[PDB]
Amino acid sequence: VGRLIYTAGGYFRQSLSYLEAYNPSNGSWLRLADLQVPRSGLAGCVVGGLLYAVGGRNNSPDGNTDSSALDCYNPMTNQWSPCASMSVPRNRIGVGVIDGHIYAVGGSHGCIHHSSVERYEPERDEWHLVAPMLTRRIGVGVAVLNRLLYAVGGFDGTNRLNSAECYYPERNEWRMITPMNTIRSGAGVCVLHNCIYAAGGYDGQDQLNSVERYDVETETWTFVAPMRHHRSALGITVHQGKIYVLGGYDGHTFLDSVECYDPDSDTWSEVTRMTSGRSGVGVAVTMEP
């Protein structure tokens, strides 16, 4: 009990500093301490009850600064603190956690599209590079299942991608997996039960409402019910056996919609609205502040 869905940063006209937390048990939203630096295209994650904001970019009227930052938010104090910075700026990043360690995957620095990957050790407050992906990927979806790290879709600088790959930590090695049925850049990627879900994204022509899942045992991708809204650059997380998607861009509006997927009924429902429409957020779940 007592866990909230935290959304950090995002974009609407410029990069945002908002930290806001949604309580699925009562429908309430709380506005919490702003990020020290506004950022869109970041990712969020939680280790040891602390919320981490990783990478992104501050797009403002006066600048476009890609972020190498790792910042940690403690719900017990409602305060952000800087942590060690990554080796390189990573906008449009994906992140995953294995065994208490944060993996930062891909992303962009100016016109550079990274294949590099690095791993953070909270105990030592240190990052170290690991093996790079087989593909350069920005707008890459990342998730962890069974202590394996997956990088899904994205954009390599020339093409949006349906390909996906998996990192095996004990071998420090990446291998391709079955590609998705749909090209997806800027999708929401998460894990639920024994599958990696890829929701939404941009296929090079349109923002998508379709959703597909990779069963790690059978190595197949299967479509599930589509979202109500087409969305790219959405936030995503899992809480109490359901997927939550937050915001994004539908080709017309920066959405405030939050939809929730129930795998037992294979249905999506609209559960709340953010306080304002935005894309490019980082999202994670931890205790209320």
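All residue numbers are counted from 1 along the displayed sequence.
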Out of 58-66 and 28-36, which stretch has the higher average CA B-factor listed in the record? 58-66
Using only the Cα atoms and their B-factors as the entry lists them, report which of 114-122 and 153-161 averages higher. 153-161
Per the deposited B-factor column, the C-alpha that peaks among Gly204, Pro89, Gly96, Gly139 belongs to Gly204
Binned into thirds over the chain's modelled residues, the C-alpha B-factor of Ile183 lands in the middle
Could you place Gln240 in the lowest, middle or highest third of its chain by Cα temperature factor, using the values in the record? highest
Among modelled residues of the same chain, the CA temperature factor third for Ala233: middle
Sorting by Cα B-factor within the chain, modelled residues only, which third would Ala21 end up in: lowest, middle or highest? highest
Among the modelled residues of its chain, does the C-alpha B-factor of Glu212 lie in the lowest, middle or highest third? lowest
